[PDB]
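> Going left to right, the sequence shown walks through residues 35 to 157, 164 to 324 as the authors' numbering numbers them.
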Amino acid sequence: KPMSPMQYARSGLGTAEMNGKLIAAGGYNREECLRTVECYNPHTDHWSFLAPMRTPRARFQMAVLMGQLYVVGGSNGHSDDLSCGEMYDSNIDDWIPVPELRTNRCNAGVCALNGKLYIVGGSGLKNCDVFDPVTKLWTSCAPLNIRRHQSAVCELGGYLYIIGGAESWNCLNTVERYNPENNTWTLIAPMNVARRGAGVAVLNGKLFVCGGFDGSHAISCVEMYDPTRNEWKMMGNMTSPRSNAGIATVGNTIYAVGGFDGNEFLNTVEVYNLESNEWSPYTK
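#1: Are the beta-carbon atoms belonging to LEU184 and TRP209 less than 9 Å from one another?
#2: From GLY111 to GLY155, what distance separates their C-alpha atoms?
#3: Measuring from the CB of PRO36, is there a heavy atom of the ligand HEM at a distance below 8 Å?
#4: In whole angstroms, what separates the C-alpha of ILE228 from that of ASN222?
#5: Once DSSP output is grouped into helix, strand and coil, what is the label at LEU184?
#6: Under the three-state reduction of DSSP, which class applies to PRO173: helix, strand or coil?
#7: Within 8 Å, do at least three Cβ pairs link the stretch 248-259 to the stretch 50-69?
#8: In the DSSP assignment, what residue or residues form a beta bridge with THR70?
#9: How do the stretch 119-130 and the stretch 297-317 stand: do at least 3 beta-carbon pairs fall below 8 Å, yes or no?
#10: Using 10 angstroms around the beta-carbon of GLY302, count the other beta-carbons present and answer buried if the total reaches 16, otherwise exposed.
#11: Does the Cβ-Cβ distance between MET278 and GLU310 come in under 9 Å?
#12: Quick one: grab the DSSP three-state call for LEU314.
#13: Note down, in chain order, each residue of its chain lying with its Cβ closer than 8 Å to the Cβ of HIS80, except the 5 sequence neighbours on either side.
#14: Grab me the residues of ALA50's own chain with a C-beta within less than 7 Å of its C-beta, minus the 5 sequence neighbours each way, in chain order.
#15: Less than 8 Å between the CB atoms is what I'm expecting for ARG136 and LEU116, so what's the real figure, rounded?
#16: Tell me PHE83's beta-bridge partners as DSSP assigns them.
#17: Please tell me whether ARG235 and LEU212 are closer than 9 Å, where the distance is taken between their beta carbons.
#18: With DSSP collapsed to three states, give me the class of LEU47.
#19: If you follow the beta strand (DSSP E) that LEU151 is in, where does it begin and where does it stop?
#20: Considering only residues of the same chain and omitting the five flanking positions on each side of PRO230, which have a CB-CB separation below 7 Å?
#21: From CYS140, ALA182 and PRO36, pick the residue whose C-alpha is nearest to that of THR78; which is it?
#22: For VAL262 and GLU134, what's the separation of their Cα atoms in angstroms?
#23: Under 8 Å by Cβ, that's how I've got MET274 and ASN232 pegged, so tell me the actual separation to the nearest angstrom.
#24: Quick test of your reading: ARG69 and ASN141, contact by CB under 8 Å. State the CB separation rounded to the nearest angstrom.
#25: On the premise that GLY255 lies in contact with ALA285, defined as a C-beta separation below 8 Å, what is that separation, rounded to the nearest angstrom?
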């Protein structure tokens, strides 16, 4: 049996783990930008709804900070000049607007680290900025070495990683690591495949970068980065090509959901088996 798909096809969505479930928030499809938020329960193979976001939002990366979901950046169904960010309270199942998280900036990476929220790149840019939820203030950080938008961003071991993206129209295979203890971005080993709009999930101390757009196709290629050897390795391909999908670790298992395959916006989800190095679209 194919895993249950979402009710809405979604590209350029936010994704995260929460309470053992896969959260798919916003995004856009052929008809509209979306405010709905869906939640996949792997152990039951059912999607459910969370409270919808106040306003439709796409082309953002969602972050988890102090257990709460933060949506920052992106665009609605008319412009990128968003008046506020939003945060989700699972205690009450509702989204609260955060005016201090307003942005005029899409395709930017967003990630939590040491209790603060970093926004990196975006439509590309070298800017990196940090929001402290305690003070609700923004501070600038060291800039990227290379202009980037539609990059994959993630945190591991106290460091940030920004992965690929597009500089202008050209897709990048280069990767940069942020050290907050000396406030530097350092180029590290590049990926084998240059990709805009890839997704990234952290699993067992390794980074799995999945799919994206290589300048020509939506791709199913998956590459793993091992920080202890500063090297990348080709992994099993996803069962569908997915550009601007949602990639997340849930229950210490990697899922890919939604995206765009070059012809259609996708509502499917698939799962990675680390032991066998194989993706599957089916449930037990």
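Every residue gets a Cβ at the ideal spot worked out from N, C-alpha and C, and that includes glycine.
For this structure:
#1: Taking the sequence shown and counting its residues from 1, one reaches residue 184 at position 144. Taking the sequence shown and counting its residues from 1, one reaches residue 209 at position 169. Taking 9 Å as the Cβ cut-off, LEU184 and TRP209 do not qualify as a contacting pair.
#2: Along the sequence shown, read from residue 1 onward, the residue named residue 111 stands at position 77. Along the sequence shown, read from residue 1 onward, the residue named residue 155 stands at position 121. Cα to Cα, the separation comes out at about 22 Å.
#3: Of the ligands one can find in the structure shown there are none, so the ligand HEM has no counterpart to examine.
#4: In the sequence shown, residue 228 corresponds to position 188, counting from 1. In the sequence shown, residue 222 corresponds to position 182, counting from 1. Near 16 Å, if we compare the C-alpha coordinates of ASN222 and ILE228.
#5: Within the sequence shown, the letter at position 144 stands for residue 184. Three-state result, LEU184: coil.
#6: Position 133 of the sequence shown, counting from 1, holds the residue named residue 173. Looking at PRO173 - three-state DSSP - the assignment turns out to be coil, as it is neither helix nor strand.
#7: no
#8: Here residue 70 refers to the residue found at position 36 of the sequence shown. According to DSSP, which records beta bridges pairwise, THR70 is partnered with nothing at all.
#9: no
#10: Working through the sequence shown from its first residue, we reach residue 302 at position 262. Exposed is the call here.
#11: Taking the sequence shown and counting its residues from 1, one reaches residue 278 at position 238. Taking the sequence shown and counting its residues from 1, one reaches residue 310 at position 270. The answer is yes: Cβ separation under 9 Å.
#12: Translated into the one-based positions of the sequence shown, residue 314 becomes position 274. Here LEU314 sits in coil by DSSP.
#13: Taking the first residue of the sequence shown as 1, we reach residue 80 at position 46. Same-chain partners within the cutoff: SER38 and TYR74.
#14: For this step, residue 50 is matched to residue 16 along the sequence shown. Only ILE57, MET96, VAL98, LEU103 and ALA288 meet the Cβ criterion.
#15: Walking along the sequence shown from the start, residue 136 turns up at place 102. Walking along the sequence shown from the start, residue 116 turns up at place 82. That belief holds up - the Cβ atoms of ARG136 and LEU116 are roughly 6 Å apart, short of 8 Å.
#16: For the purposes of this step, residue 83 is identified with residue 49 of the sequence shown, where counting begins at 1. Answer is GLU72.
#17: The residue labelled residue 235 in the question sits at position 195 within the sequence shown. The residue labelled residue 212 in the question sits at position 172 within the sequence shown. Their beta carbons are under 9 Å apart, which means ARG235 touches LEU212 by this criterion.
#18: For the purposes of this step, residue 47 is identified with residue 13 of the sequence shown, where counting begins at 1. Coil, per DSSP.
#19: Walking along the sequence shown from the start, residue 151 turns up at place 117. Where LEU151 is concerned, the enclosing beta strand (DSSP E) stretches over 150-154.
#20: Counting from 1 along the sequence shown, the entry for residue 230 is found at position 190. Excluding positions up to five away in sequence, the list reads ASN213, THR214 and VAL215.
#21: By one-based count along the sequence shown, residue 78 stands at place 44. Comparing Cα-Cα distances from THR78 to each of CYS140, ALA182 and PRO36, the minimum goes to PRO36.
#22: One-based indexing of the sequence shown puts residue 262 at position 222. One-based indexing of the sequence shown puts residue 134 at position 100. When rounded, the distance between both Cα atoms is 36 Å.
#23: Here residue 274 refers to the residue found at position 234 when the sequence shown is read from its first residue. Here residue 232 refers to the residue found at position 192 when the sequence shown is read from its first residue. Sure, about 6 Å apart at Cβ, within 8 Å.
#24: Here residue 69 refers to the residue found at position 35 of the sequence shown. Here residue 141 refers to the residue found at position 107 of the sequence shown. Their Cβ separation, rounded to whole angstroms, is 19 Å, which puts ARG69 and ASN141 out of contact at 8 Å.
#25: Position 245 of the sequence shown, counted from the start, is the residue given in the question as residue 285. Position 215 of the sequence shown, counted from the start, is the residue given in the question as residue 255. 17 Å between Cβ atoms; not a contact.
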